[PDB]
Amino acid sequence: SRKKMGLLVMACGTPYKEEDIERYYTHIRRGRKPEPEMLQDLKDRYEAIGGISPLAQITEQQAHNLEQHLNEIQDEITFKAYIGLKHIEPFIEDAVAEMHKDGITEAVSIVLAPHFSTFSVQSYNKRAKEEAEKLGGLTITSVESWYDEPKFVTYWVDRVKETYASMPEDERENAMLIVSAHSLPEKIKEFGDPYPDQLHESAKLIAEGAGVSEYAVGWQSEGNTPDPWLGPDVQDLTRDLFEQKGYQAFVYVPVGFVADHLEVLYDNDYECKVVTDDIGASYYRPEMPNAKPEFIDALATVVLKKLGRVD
């Protein structure tokens, strides 16, 4: 007889179809509906990246594959995955309510973003716990960060090694590795938020494992508020590094992101590519984890370590 546990997998969320762009972005913008020109622009961006339907499917596939893999690799717990999202249904509170309705009394949560922040991870975890407390009779232990899981570092190390090995000799000797995550408001620093330090440590670990001595850290995808967000932005960093040293290849590792969503397919593969094309450099951006077995095994290890069932 196995112990039953909920596996609460949390993420930003994505629209499910083009007609969800308005409500998704209204939610991100804290109730401010995008103007018509912006709605049209967003539609065009999603069309440019190959469409919307594949996006939420990745997150669902990650949760599904993680549940099945956890259930196969150990014999003590049977997990059932529930997805809880920030900016579109199913919302975090919906997922917790569904766990409670289904009879779950004990759950472990993980956010599909490897670095802790007060703005995102801590807020998701607190919301999940608050809903559990309101319903009663259900407890959640929450993963806070996992950027330093060795299997996750190794995923990116090996992707970087493959990219550098694929380069012509002249690029391989004159390339720059840019390691990035989603920008957040700079005011997180008032709380001692470790998010920037964790990104810098991811970059150090990945560059070290891959044997890449020239790398830099940047941020991407900042939102639209009056206070400053973490920088430099990858677009500006790329140009600055080019002006300083003349790199002829840029390799983008958006380690803060786990899937082929707009922030990678457009904010790297279009916006950074515009800059590398303008300066005459080659652009590389290795495969995101998505739902691939190597990444799912890394997440399974994160979960079982959090529960103390793996050293």
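When you see a residue number, it is the position in the sequence shown, counting from 1.
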- Message: Can you tell me whether 212 to 220 has a higher mean C-alpha B factor than 226 to 234 in this record, or the other way round?
- Response: 226 to 234
- Between the two ranges 120 to 128 and 163 to 171, the one averaging a larger CA B factor in the entry: 163 to 171
- Name the residue from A107, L135, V111, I178 with the greatest C-alpha temperature factor listed in the entry. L135
- Message: Highest recorded C-alpha temperature factor, please, choosing from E149, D94, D193, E144.
- Response: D94
- Message: How does the C-alpha B factor of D44 compare with the rest of the chain: lowest, middle or highest third?
- Response: middle
- Task: Can you work out whether the C-alpha temperature factor of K80 puts it in the lowest, middle or highest third of the chain?
- Result: middle
- Query: Within this chain, which third does the Cα B-factor at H200 fall in: lowest, middle or highest?
  - Reply: lowest
- Query: Which third, lowest, middle or highest, does the CA B-factor of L184 fall in along this chain?
  - Reply: middle
- Quick tally, chain-level thirds of C-alpha B-factors: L8 sits in the lowest
